[PDB]
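Please read the structure below before turning to the comments.
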Amino acid sequence: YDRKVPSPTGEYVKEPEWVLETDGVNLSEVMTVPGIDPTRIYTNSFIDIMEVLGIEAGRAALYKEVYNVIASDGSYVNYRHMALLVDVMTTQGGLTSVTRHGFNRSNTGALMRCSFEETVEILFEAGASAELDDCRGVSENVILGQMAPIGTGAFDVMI
Amino acid sequence: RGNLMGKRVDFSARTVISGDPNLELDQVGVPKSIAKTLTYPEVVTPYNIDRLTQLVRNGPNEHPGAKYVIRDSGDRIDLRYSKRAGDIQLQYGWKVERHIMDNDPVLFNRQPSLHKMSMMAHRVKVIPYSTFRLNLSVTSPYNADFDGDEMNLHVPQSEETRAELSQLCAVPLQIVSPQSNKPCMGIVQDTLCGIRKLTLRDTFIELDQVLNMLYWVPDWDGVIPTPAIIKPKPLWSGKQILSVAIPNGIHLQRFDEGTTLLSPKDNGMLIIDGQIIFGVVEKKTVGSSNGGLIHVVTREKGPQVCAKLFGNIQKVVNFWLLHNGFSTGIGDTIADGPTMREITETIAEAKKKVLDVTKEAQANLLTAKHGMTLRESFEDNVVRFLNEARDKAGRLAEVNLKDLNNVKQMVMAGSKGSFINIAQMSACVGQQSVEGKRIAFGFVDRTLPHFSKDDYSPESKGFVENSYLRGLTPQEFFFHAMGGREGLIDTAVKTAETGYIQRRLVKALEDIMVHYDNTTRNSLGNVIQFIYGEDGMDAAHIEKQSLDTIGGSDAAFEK
Amino acid sequence: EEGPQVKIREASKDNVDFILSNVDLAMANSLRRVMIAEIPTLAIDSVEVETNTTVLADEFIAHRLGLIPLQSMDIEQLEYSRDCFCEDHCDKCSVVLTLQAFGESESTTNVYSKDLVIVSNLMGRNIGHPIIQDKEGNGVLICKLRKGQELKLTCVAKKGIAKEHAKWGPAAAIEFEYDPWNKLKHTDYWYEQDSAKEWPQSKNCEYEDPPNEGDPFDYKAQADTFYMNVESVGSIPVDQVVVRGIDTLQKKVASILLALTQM
Amino acid sequence: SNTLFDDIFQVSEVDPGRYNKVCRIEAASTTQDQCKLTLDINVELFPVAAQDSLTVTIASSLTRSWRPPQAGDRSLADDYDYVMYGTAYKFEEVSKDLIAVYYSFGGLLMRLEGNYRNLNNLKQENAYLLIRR
Amino acid sequence: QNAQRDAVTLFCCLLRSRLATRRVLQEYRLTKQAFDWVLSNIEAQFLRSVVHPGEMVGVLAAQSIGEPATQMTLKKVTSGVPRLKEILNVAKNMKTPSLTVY
Amino acid sequence: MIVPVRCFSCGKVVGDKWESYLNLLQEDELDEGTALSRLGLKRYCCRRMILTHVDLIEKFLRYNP
Amino acid sequence: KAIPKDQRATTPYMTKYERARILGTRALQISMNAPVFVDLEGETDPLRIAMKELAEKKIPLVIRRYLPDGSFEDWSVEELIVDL
Amino acid sequence: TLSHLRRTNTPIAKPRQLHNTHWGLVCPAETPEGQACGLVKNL
Amino acid sequence: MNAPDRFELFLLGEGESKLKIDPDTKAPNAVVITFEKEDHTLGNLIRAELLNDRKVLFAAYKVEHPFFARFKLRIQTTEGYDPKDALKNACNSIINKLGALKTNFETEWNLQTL
Amino acid sequence: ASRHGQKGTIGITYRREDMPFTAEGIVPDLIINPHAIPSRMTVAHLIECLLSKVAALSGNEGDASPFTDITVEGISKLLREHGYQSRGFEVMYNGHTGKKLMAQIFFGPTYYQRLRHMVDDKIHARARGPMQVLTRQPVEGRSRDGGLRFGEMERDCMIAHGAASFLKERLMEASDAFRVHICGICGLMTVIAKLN
Amino acid sequence: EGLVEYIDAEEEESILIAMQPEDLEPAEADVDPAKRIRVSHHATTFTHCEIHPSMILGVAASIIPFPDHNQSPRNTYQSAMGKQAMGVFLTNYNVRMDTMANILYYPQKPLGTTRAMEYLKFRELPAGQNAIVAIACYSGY
RNA sequence: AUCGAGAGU
DNA sequence: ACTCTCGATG
Ligand SMILES: [Zn+2]
Ligand SMILES: [Zn+2]
Ligand SMILES: [Zn+2]
């Protein structure tokens, strides 16, 4: 691998360094070895990173991976977008999938989870439990055909 | 899913689209018969009536008329039937469904709608012939081209709704995009191969054209700028007139590889105050680029200036070109005889490389590269050996093609094509690949029934040696087929896998928004970000500057 | 005489290859364009169909007759149907023809333009005759019949011009070239090795001089001399095609000038 | 109203850089041995060649639309053959005791270098360039 | 008023790098009048660049990744779309695991 | 489907030259390239119109009524 | 709850969305023969009236900005600053 | 009409790939695009 | 279908005058003539001869869009000259050449055999 | 359009004069753009054109049979014997002005196809119309003056923009929009419009 | 008379097929540089030779002029579009009463042909005309 | 109402 | 397992 690191003088230059690339994962026991630098060691399995180094390091890898998906094709996307996605995944404490198990079990009003894969059930177990839908959600005021708390409808108008 | 969050809807239209260069960026040539059909409810008022009545009088079939009038009681008067249809004195506090007219606001979308940008308010300009017409440089955000693409158009009914379209949604406001903090529209095809030839040093334009060109630009200040050349025959440079289109307070500095404030490659770019100083203009300057003349002009002068910029650049370059002309013959893929000899042997020596590794491996001498099969290492060596052959034979062709070779001329603009496209057209086309590896053995230990079993040589394992010019051989052709079948396949599967991503991505985030405290939170009030982006800064208003504190000598930090 | 000048070289019943010396290109062009697009002619702008048992369809047949070449020498004393004061046509602004042919024989009966049949009172003016340059004597092949098929038609030729529809074109091809050698350098020839072994040499290089390699220094080079050839279709002979071109051009220039007088 | 600079130079290199109608010329000044020149030149309109001796001026002289002629009866600083007009853009200290200026004649660039050209080659829009014989 | 200090941090590190005393004076010779303009100008130009409350970034961020995703199509890694498919699912079952040790 | 009256691009009459063209090939025994030059077709837009026009009409005349 | 004329953080500048709909809701009223509190140098279109009503701060509306707990602040279109 | 008579259809590892043995029997190029691609073949 | 009839290229509608003249606001002694139901055949020829007369500063034309049969000439002339004359002289200058030609062709037409 | 996957719609119609023209008087029937020739490497298209030119001239069939000894050269050597330049370039004149074109242009007969999909068969446009029995939404397809689907996905985009009122207007006043009565206790569509 | 065999996939497996019979089995013994680069004789075993190679193609692609000098997915596009081409579908169109049928007015056999057009009866029932095309930038429409 | 061929990136 | 147009059946 190649690296850009300060000269004793100030100039940033190419100290070329030696890195080992692996086929398989056990974080728990490699960073505890001699000679490796535990402060750096990286896995593309962000899932592992979490369970070892805690969530806030896991966020960062989850981003750093999504990034390499995009950047590998040429495409730039400004941080904040990916940052948000990543940050939404990583705020219920754990890693929360972008499929029906992570974000569609997550204590929202019922109607917003209706508007997505498992529709009918979600209405039933909403029924029996007697959920109370807030009606602060985009997807719910759209069903009711009213002004959405959005750009134009986030404030109120008066006299 | 289908009736409540995505309905079918009234006041909508749809048509084939085709490009029209003499039409401003934010405009949409709505064909007439559609504008004869769609209707905006306008309320009678002292400010309008005089116009307004003339429409009800015109009647629903001569363009600038209308259909239906409606009254206090809420009874619908039908303008096409009814005895009293050439009559009717318009009474304040009524309404008048009317033909969509020039300069109305409309939402004009293309499916699929994977953006804000796939939906943008335009400015109507009614026309004959039955095509939604548009400006070329609103192509990208929609991702249209004109080989059939069909496009929708919705019309706002409410006065507030009109505002929402003209104020938040419209095409000039979307120019600089938050998605990649860069502009999403540039200058494409004809226009762009032109924005360049026009600007070579060499390019000289004399009086009579100059005066038309000048005039062609609408915002022209009417001041024949003084010709660079005055001596024998007083010429202007390309640059020179294009400088007219460029407004004032516009400053741009580039610098590519060989760039020197003399620029003996006419390299980089230098622009001071709506004037181009040196350097060819091509995609780096005027593409959908970051430093981009369009990123600049939008932020500096204003959106609406940049909108009218596009048109002007276009109209001048589109013209000059129309009188200069441009083409592409098979001649433009042909290359120098002695190079087709040099290409040939450049392949041949790589065919001997492979041979020799193969004969090497055939003797168990080939050393396995730690952690891969001797057979993996053989493959990888070979693959590389002919990827480097194609590319060398290719680079070899990139050089005969002269500054006039029309293919190369587009390549230098960045209008279309690439080095790869030259390679495959003029040189060798290359190694075919299926599931990452060179052609399989479908038949037992052989590729096709025209080969001996156990044959790992190139020819046999999917190397196409000829060009898209000279032509392939049967075998080659059939491998090549398997190439872009895989290609087609995952292409139409790329679209399904992704279609679903962009649905889910949307549905989870969806209700996240920056609230009036500069927090960032969903419907529950659960905070997600404490400052949007961590700096509370809209992505649009942002750009690649340098931090000169970070780099260089402790001495030169201090020098 | 004065400025603009001609030298005919080849001349036929349909060809006029001339030299046009001492003029702006501007006009050498605007002449050519007019010559194509603006000189008026007679052709069929209304077919009235009684019976057609033929293979072909009604409006297919119609189309073809439209294109049929018709005499147009005394056109400029016929009127445009939109201008006359008569409901629809009148023998003062139209010329009516008839087509009757009926499959009689066993052996495939042909219908030529030769079979078109003046009806309307011409007024004794040369107008609306199917033009026949054919040697065997039959113009165009309009359509074919079998044993028992009819065509029963009624054409109505009106005055018109290319701009409206190209059937009113009186001219096919308009050969046009200037500065045979690229003395003026209006083009930039495309080449592999020798720009001059790789293109060829028009017959038009004979009636001009070479460049003599070394002879550059002055400047300001305009275009006199244009090498044309008008191929007439027959509606008008060739002479008139160039002339009326020149006339009609002159006529619409007039109409602007006289429209300042009128303002 | 006046003239800004003057010198006779001699041309060394004549450079066609993938270009037919323009050559850039590195030429040097007979007289002062602390001075040289760089000029992008229409060699179709005014030919030039090896070891040549050319005459130069700058000026600001003999701004509304450009009228032409009616000047076969008029003032002209046109004793000179070849004549351009450019904006100017950089005044580079080579450091010293020595200084260079940069002009653009619609992209046909110029470099010039000396040090009396101080109170004499302003910082300005104006700049004709007149090259004779 | 701590958050305020934090968001700004980096912007200033630029600001102080550009508007520093050798530089203002020697590099790009300003004058008071122009300088105080540059100053008042930046402030506004900053202020303009703030996010507007209402901005539905939820979607915007999804779309802004949901698009260039559909534009990917063709050194032993799971890359492009399938990787994106892997990542968002929160894949336990992943195909190209790899450690990268220094 | 019958010979086209007048060539598309150029304009010159050509439907008058069909029966004559077929009689130059089949009868005085000539190659299409000469026939095309004899009949007065010297451009190739005007040419391609004859070398191609395919006469399906001969084959709908075949049907009875 | 409520909130005072003081103790207001909430951008003293105008959002594009606030404006957007203020220009909408006004454009609406003008377009229904309700009075115009400007002088028209010569305009008819209800929106471009309201653009002028606004850019001489004579529009008599009040934004009510909601915070995410259950509270809010009032802002007259005299107070808010039209930068943009 | 000729093409549609000479058509093949397959219901449902990797059958969409042009496969080696197709040489000479099935048409390499002729196939619909997208959501039935390579499942439908022409002889 | 949305297609406009072909005659809408050389036939003037209702209240549509061959020449509609407006005085260019940006310059001085300058003029922009709209020409209706005409095209490049005309505007090009006018423009070429509108530049031969040595008391003219500027002249140019443009067909704002090809769908329509209009075109816009712009003339600016020297202190004194009123462009309406510049145009008049122009137009006449043309007509004389076309006559001149019309004769000269007819002359040399007559001398040849057939 | 052509024969090598180079589909294209008409953008405009120009009359013969306004077309560019060759010195022989010829005008093209169709002008394609050169920019669609590098990226899809549709070389044959170019070859066909060269061959087809030669063939129409010499009055013979163009043999473009695939695996042959026919050559771009072999053709080019013939095309010259007939007096044109060997890669199908011809000097053309911009017909607007009569002036020569600075570039020489690729010119030749090329077999083109007409495809189904014409415009007048597509140009559906509704402005309120029939509505489905069950839903009370507009109906599918242009065969019966139907609506256009403002699908789930187009909504996302209106939300992105921040255009709330427009979202209501599109999702209600066009399409489904109805009024119901509701109990202010047992909050249900139980109620009973004795409305009068 | 045993001059030709019927071979399926499975038997194909156990053979050797020559491409062109000419250049692929006369004795081994200059190269016009613009000819493509075919491989060699390297094979001695040849049990039956391919009739001619173009017969790997189906109905549609057989229509293409020069598909060898052409990117492989482009050919595939033309082959889904030759089936939307307008032409004469049958001589008797006049007498068949069918929902929707389009026929061209002046059908034109192509100028650039395939040897296997003969058996596809494409010159006898064309679809497409023979246009003069000009590759150029003009109005930019 | 239920199924079957094609459009576009 | 986006929007589209067509063509068919109990
Ligand atoms: Zn009459
Ligand atoms: Zn012709
Ligand atoms: Zn109740």
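Here's how to read the names in the structure tokens: chain A, B, ... by the order shown, residue numbers from 1 in each chain, ligand numbers from 1 in the order shown.
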Based on DSSP run over this structure's backbone, return all residues of chain E in strand (DSSP E or B), as a ChimeraX atom specification.
/E:50,99-101
Pull C-alpha atoms from the residues just selected and write them as an mmCIF file, in the first residue's frame.
data_model
loop_
_atom_site.group_PDB
_atom_site.id
_atom_site.type_symbol
_atom_site.label_atom_id
_atom_site.label_comp_id
_atom_site.auth_asym_id
_atom_site.auth_seq_id
_atom_site.Cartn_x
_atom_site.Cartn_y
_atom_site.Cartn_z
ATOM 1 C CA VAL E 50 -27.373 27.734 5.562
ATOM 2 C CA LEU E 99 -9.225 -8.051 7.288
ATOM 3 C CA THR E 100 -6.719 -5.384 6.437
ATOM 4 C CA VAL E 101 -3.899 -5.285 8.958
#
If we count only C-alpha atoms (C1' of nucleotides) and set the cut-off at 10 Å, which residues sit around residue 7 of chain L, ignoring sequence neighbours fewer than 4 positions away in its own chain? Please answer as a ChimeraX atom specification.
/B:148-150 /J:117 /M:4-5
Taking a cut-off of 12 Å and counting only C-alpha atoms, can you build a table that, for each residue of chain J near chain E, reports the nearest atom pair and how far apart they are in Å (one decimal), sorted by chain then residue number, as CSV?
residue,atom,partner,partner_atom,distance
J:153,CA,E:63,CA,10.4
J:154,CA,E:63,CA,11.7
J:155,CA,E:59,CA,10.6
J:156,CA,E:59,CA,7.0
J:157,CA,E:59,CA,8.2
J:158,CA,E:56,CA,10.0
J:159,CA,E:56,CA,6.8
J:160,CA,E:56,CA,5.7
J:161,CA,E:56,CA,7.6
J:162,CA,E:56,CA,6.5
J:163,CA,E:54,CA,10.0
J:164,CA,E:54,CA,10.3
To test your reading of the structure, identify every residue in chain I that backbone DSSP assigns to helix (DSSP H, G or I), and report it as JSON, numbers by chain.
{"I": [6, 7, 8, 9, 40, 41, 42, 43, 44, 45, 46, 47, 48, 49, 83, 84, 85, 86, 87, 88, 89, 90, 91, 92, 93, 94, 95, 96, 97, 98, 99, 100, 101, 102, 103, 104, 105, 106, 107, 108, 109, 110, 111]}
Interatomic distance (Å, one decimal) between atom CA of residue 48 of chain F and atom CA of residue 56 of chain J
5.4 Å
Write out as a compact mmCIF listing (two decimals) with N, CA and C atoms, in the first residue's frame each polymer residue whose atoms come within 9 Å of segment 7-16 of chain F, counting only C-alpha atoms (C1' of nucleotides); drop sequence neighbours fewer than 4 positions from it.
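Saved result, result11.txt, follows:
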# COMPACT_ATOMS: atom_id res chain seq x y z
N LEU C 67 -47.80 14.22 -58.93
CA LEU C 67 -46.40 14.37 -59.33
C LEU C 67 -46.24 14.46 -60.85
N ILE C 68 -47.32 14.24 -61.57
CA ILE C 68 -47.22 14.05 -63.00
C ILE C 68 -46.80 15.38 -63.64
N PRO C 69 -45.80 15.33 -64.53
CA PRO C 69 -45.34 16.55 -65.16
C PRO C 69 -46.37 17.08 -66.16
N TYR C 112 -51.06 5.02 -68.76
CA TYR C 112 -49.98 6.00 -68.73
C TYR C 112 -50.56 7.39 -68.49
N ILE C 132 -44.41 14.63 -72.20
CA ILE C 132 -43.90 13.36 -72.66
C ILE C 132 -42.56 13.58 -73.34
N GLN C 133 -41.51 13.08 -72.71
CA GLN C 133 -40.21 13.01 -73.34
C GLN C 133 -39.94 11.56 -73.77
N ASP C 134 -40.74 10.64 -73.22
CA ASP C 134 -40.69 9.21 -73.55
C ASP C 134 -40.62 8.98 -75.07
N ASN C 138 -45.33 7.31 -74.28
CA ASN C 138 -46.21 7.22 -73.10
C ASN C 138 -45.53 7.76 -71.84
N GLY C 139 -46.15 8.75 -71.21
CA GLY C 139 -45.52 9.43 -70.07
C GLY C 139 -45.90 8.81 -68.75
N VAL C 140 -44.89 8.56 -67.91
CA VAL C 140 -45.11 7.98 -66.59
C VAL C 140 -45.85 6.66 -66.76
N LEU C 141 -45.74 5.78 -65.78
CA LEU C 141 -46.63 4.63 -65.72
C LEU C 141 -47.56 4.88 -64.55
N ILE C 142 -48.79 5.32 -64.84
CA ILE C 142 -49.74 5.67 -63.76
C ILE C 142 -50.20 4.47 -62.97
N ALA C 166 -43.80 19.63 -53.16
CA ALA C 166 -42.71 19.59 -54.14
C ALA C 166 -43.15 19.19 -55.54
N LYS C 167 -44.42 18.82 -55.72
CA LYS C 167 -44.95 18.50 -57.07
C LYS C 167 -44.90 19.69 -58.04
N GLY C 169 -42.44 21.71 -58.17
CA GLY C 169 -41.07 21.90 -58.61
C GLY C 169 -41.00 21.76 -60.13
N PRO C 170 -40.29 22.70 -60.78
CA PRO C 170 -40.07 22.65 -62.21
C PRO C 170 -38.66 22.21 -62.54
N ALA C 171 -37.91 21.77 -61.53
CA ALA C 171 -36.49 21.50 -61.73
C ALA C 171 -35.97 20.44 -60.78
N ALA C 172 -35.17 19.53 -61.32
CA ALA C 172 -34.63 18.44 -60.53
C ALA C 172 -33.34 18.85 -59.83
N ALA C 173 -32.24 18.79 -60.57
CA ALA C 173 -30.90 18.97 -60.02
C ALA C 173 -30.31 20.32 -60.43
N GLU C 231 -31.16 21.34 -64.61
CA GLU C 231 -31.90 20.28 -65.28
C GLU C 231 -33.40 20.51 -65.08
N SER C 232 -34.09 20.83 -66.17
CA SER C 232 -35.52 21.08 -66.13
C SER C 232 -36.25 19.74 -66.13
N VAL C 233 -37.46 19.71 -65.58
CA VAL C 233 -38.25 18.49 -65.56
C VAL C 233 -39.07 18.38 -66.83
N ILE F 2 -45.60 -0.67 -58.17
CA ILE F 2 -45.50 0.39 -59.17
C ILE F 2 -44.32 1.35 -59.00
N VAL F 3 -43.81 1.82 -60.13
CA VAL F 3 -42.57 2.60 -60.18
C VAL F 3 -42.84 3.98 -59.62
N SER F 20 -38.96 0.86 -70.36
CA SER F 20 -37.75 1.07 -71.17
C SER F 20 -36.50 0.43 -70.54
N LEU F 41 -30.13 8.63 -66.32
CA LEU F 41 -29.97 8.64 -64.86
C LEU F 41 -28.48 8.64 -64.54
N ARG F 43 -27.06 10.73 -61.77
CA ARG F 43 -26.86 10.84 -60.32
C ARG F 43 -27.27 9.50 -59.72
N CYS F 45 -29.01 9.08 -56.52
CA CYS F 45 -30.31 9.12 -55.88
C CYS F 45 -31.35 8.78 -56.93
N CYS F 46 -31.18 9.40 -58.10
CA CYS F 46 -32.05 9.14 -59.24
C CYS F 46 -31.84 7.70 -59.70
N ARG F 47 -30.60 7.24 -59.64
CA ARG F 47 -30.32 5.84 -59.97
C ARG F 47 -30.97 4.83 -59.03
N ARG F 48 -30.58 4.85 -57.76
CA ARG F 48 -31.05 3.86 -56.77
C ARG F 48 -32.55 3.61 -56.82
N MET F 49 -33.30 4.61 -57.29
CA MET F 49 -34.74 4.53 -57.37
C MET F 49 -35.21 3.47 -58.36
N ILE F 50 -34.46 3.30 -59.45
CA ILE F 50 -34.77 2.30 -60.50
C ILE F 50 -34.14 0.94 -60.23
N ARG J 16 -35.86 20.91 -49.37
CA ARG J 16 -34.64 20.66 -50.16
C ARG J 16 -33.60 21.79 -50.20
N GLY J 25 -25.53 18.45 -57.15
CA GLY J 25 -26.92 18.88 -57.03
C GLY J 25 -27.68 18.10 -55.98
N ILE J 26 -27.22 16.88 -55.70
CA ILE J 26 -27.81 15.97 -54.70
C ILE J 26 -28.02 16.61 -53.32
N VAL J 27 -29.14 16.24 -52.71
CA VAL J 27 -29.46 16.61 -51.34
C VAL J 27 -29.77 15.33 -50.59
N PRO J 28 -29.44 15.27 -49.29
CA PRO J 28 -29.74 14.10 -48.49
C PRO J 28 -31.22 14.01 -48.13
N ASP J 29 -31.72 12.78 -48.03
CA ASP J 29 -33.07 12.52 -47.54
C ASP J 29 -33.09 12.65 -46.03
N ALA K 131 -32.34 5.15 -48.34
CA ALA K 131 -32.15 6.60 -48.21
C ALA K 131 -30.73 7.06 -48.52
N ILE K 132 -30.62 8.28 -49.04
CA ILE K 132 -29.34 8.98 -49.09
C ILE K 132 -29.18 9.62 -47.73
Using only C-alpha atoms (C1' of nucleotides) and all ligand atoms, which protein or nucleic acid residues are at most 7 Å from ligand 1, as a list in words?
residues 81, 84, 85, 86, 87, 88, 89, 90, 91, 92, 93 and 94 of chain C
If you keep N, CA and C atoms, can you produce a file of those selected residues as an mmCIF file, in the first residue's frame?
data_model
loop_
_atom_site.group_PDB
_atom_site.id
_atom_site.type_symbol
_atom_site.label_atom_id
_atom_site.label_comp_id
_atom_site.auth_asym_id
_atom_site.auth_seq_id
_atom_site.Cartn_x
_atom_site.Cartn_y
_atom_site.Cartn_z
ATOM 1 N N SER C 81 -55.951 29.507 -57.515
ATOM 2 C CA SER C 81 -57.353 29.226 -57.139
ATOM 3 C C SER C 81 -57.834 30.044 -55.943
ATOM 4 N N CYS C 84 -58.664 33.914 -57.593
ATOM 5 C CA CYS C 84 -59.848 34.111 -58.433
ATOM 6 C C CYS C 84 -61.087 34.258 -57.564
ATOM 7 N N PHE C 85 -62.168 34.730 -58.162
ATOM 8 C CA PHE C 85 -63.367 34.993 -57.385
ATOM 9 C C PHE C 85 -64.437 33.922 -57.554
ATOM 10 N N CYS C 86 -64.065 32.774 -58.098
ATOM 11 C CA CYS C 86 -65.038 31.733 -58.359
ATOM 12 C C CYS C 86 -65.038 30.721 -57.235
ATOM 13 N N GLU C 87 -66.231 30.227 -56.895
ATOM 14 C CA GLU C 87 -66.385 29.099 -55.970
ATOM 15 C C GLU C 87 -65.582 27.916 -56.517
ATOM 16 N N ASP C 88 -64.640 27.440 -55.712
ATOM 17 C CA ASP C 88 -63.768 26.331 -56.088
ATOM 18 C C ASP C 88 -62.924 26.624 -57.357
ATOM 19 N N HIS C 89 -63.171 25.950 -58.484
ATOM 20 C CA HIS C 89 -62.361 26.193 -59.695
ATOM 21 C C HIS C 89 -63.035 27.155 -60.642
ATOM 22 N N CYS C 90 -62.339 27.378 -61.755
ATOM 23 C CA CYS C 90 -62.859 28.046 -62.950
ATOM 24 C C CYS C 90 -61.794 27.887 -64.031
ATOM 25 N N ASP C 91 -62.197 27.822 -65.300
ATOM 26 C CA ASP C 91 -61.235 27.616 -66.400
ATOM 27 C C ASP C 91 -60.300 28.827 -66.562
ATOM 28 N N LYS C 92 -60.439 29.774 -65.633
ATOM 29 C CA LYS C 92 -59.598 30.963 -65.505
ATOM 30 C C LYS C 92 -58.485 30.775 -64.455
ATOM 31 N N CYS C 93 -58.566 29.687 -63.684
ATOM 32 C CA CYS C 93 -57.589 29.382 -62.627
ATOM 33 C C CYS C 93 -57.473 27.886 -62.313
ATOM 34 N N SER C 94 -57.804 27.042 -63.282
ATOM 35 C CA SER C 94 -57.714 25.595 -63.130
ATOM 36 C C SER C 94 -57.809 24.954 -64.509
#
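Closest approach to chain B among I:17, I:113, I:107, I:44: I:44, based on only C-alpha atoms.
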Please indicate the distance in Å from atom CA of residue 90 of chain I to atom CA of residue 34 of chain C, rounded to one decimal place.
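That distance, rounded to one decimal, is 19.2 Å.
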Distance filter 6 Å, only C-alpha atoms, chain H against chain B, as a ChimeraX atom specification
/H:17-18,20,34
Suppose we keep C-alpha atoms; can you now write the selection as a PDB file, in the first residue's frame?
ATOM      1  CA  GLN H  17     -26.095 -16.801 -20.757  1.00  0.00           C
ATOM      2  CA  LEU H  18     -25.399 -17.580 -24.367  1.00  0.00           C
ATOM      3  CA  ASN H  20     -21.110 -22.578 -25.958  1.00  0.00           C
ATOM      4  CA  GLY H  34     -34.716  -7.214 -20.467  1.00  0.00           C
TER       5      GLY H  34
END
